[PDB]
Amino acid sequence: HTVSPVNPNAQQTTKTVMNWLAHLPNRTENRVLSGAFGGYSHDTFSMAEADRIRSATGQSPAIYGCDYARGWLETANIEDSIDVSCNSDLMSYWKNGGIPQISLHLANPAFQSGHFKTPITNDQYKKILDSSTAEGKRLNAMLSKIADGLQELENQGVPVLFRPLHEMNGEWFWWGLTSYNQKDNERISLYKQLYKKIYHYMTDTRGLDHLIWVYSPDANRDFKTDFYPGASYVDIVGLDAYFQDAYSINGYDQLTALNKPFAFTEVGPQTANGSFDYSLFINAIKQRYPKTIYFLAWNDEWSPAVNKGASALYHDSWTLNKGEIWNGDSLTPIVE
Ligand SMILES: [Zn+2]
């Protein structure tokens, strides 16, 4: 069968990549892409994390992440929190055998700037969704700058795993819940409106046809599927999972039941680096989470390079690394 991007007008390369990703779990090996966060653009983003991984394992992550939005910064104009300078490295990463991933630590447009983890009321959230308000104009200014950056990658036909508004069932980011594991039906509705607003702006208003859309609740909070905006707006579902016990992560059954490819969209140890063993994570994928198509481990103290088991993680028969998705200039054969 053919699995199509939810954007019917997706570029051919993006169509090909999405279909290829969806078929990975049919294989007997070479079926989970490795991934690493590279950092926040013009703050911590660099090739240093990829280099640490290559030093540790001889291989580079198949997926490399950048985050455009430095939402903790107070700035003269809120959109100054957006920086897209990591694009050059992302485009090179695609040219050299990997796939870029972009997330957004969005500044909070209920405020003049910054405040990304300052919670807001439903009344404030409604103002943000209203393009006529001061708050709504701030959101749109951020979206426009983000789209400008994404457009640079689209010009070169570079497919992007785009993962906006993540961990929305968590109580830390402004776009998520306001209290720990507290259901708020209005907040859920407003989140879906916000996701669709971003989807519509990027896909339709700006015609961005190189995006694969990733929905990523937190593994350690309830309501993992309640926030799902719908099958027509999401390509890949996944868990952001920070844990000690790889075998006890919640949410895999709930998300795979949505009949979308599944990934560990973020992964890392919950407690201080050094002792956590990534060998247990890849084994847990094989035993508990076999539909996993990729993992994206965080950098800094969460990196496999500063924990145990990087070699086992990267050299497992199931793992696919940078360059290994290709047979020359075509992707490796799909298995049905
Ligand atoms: Zn098929």
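Order of listing sets the numbers, starting from 1, for every ligand and every atom in it. Along the sequence shown, residues carry numbers from 1. These numbers come from the heavy atoms of this one structure, side chains and all, not from hydrogens, waters or symmetry mates.
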Subject >> Main-chain N/O of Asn140 paired with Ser144 side-chain donor or acceptor, under 3.5 Å >> reply: no
Subject >> Close aromatic pair by centroid cut-off 6.0 Å: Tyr68 and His105 >> reply: no
**OP:** Quick one: closest heavy-atom pair of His1 and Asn19, and the distance?
**Re:** O-OD1, 3.7 Å
Original post:
Can you name the one residue among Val6, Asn7, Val160, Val17 that meets side chain to side chain contact (heavy atoms under 4.5 Å, CB included) with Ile212?
Top reply: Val17
Original post:
Would you say the ring centroid of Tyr201 lies under 6.0 angstrom from that of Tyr199?
Top reply: no
**OP:** Give the total of protein N/O/S atoms at a distance below 2.8 Å from the Zn ion (ligand 1).
**Re:** 6
Subject >> Pair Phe264 + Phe281: ring centers closer than 6.0 Å >> reply: yes
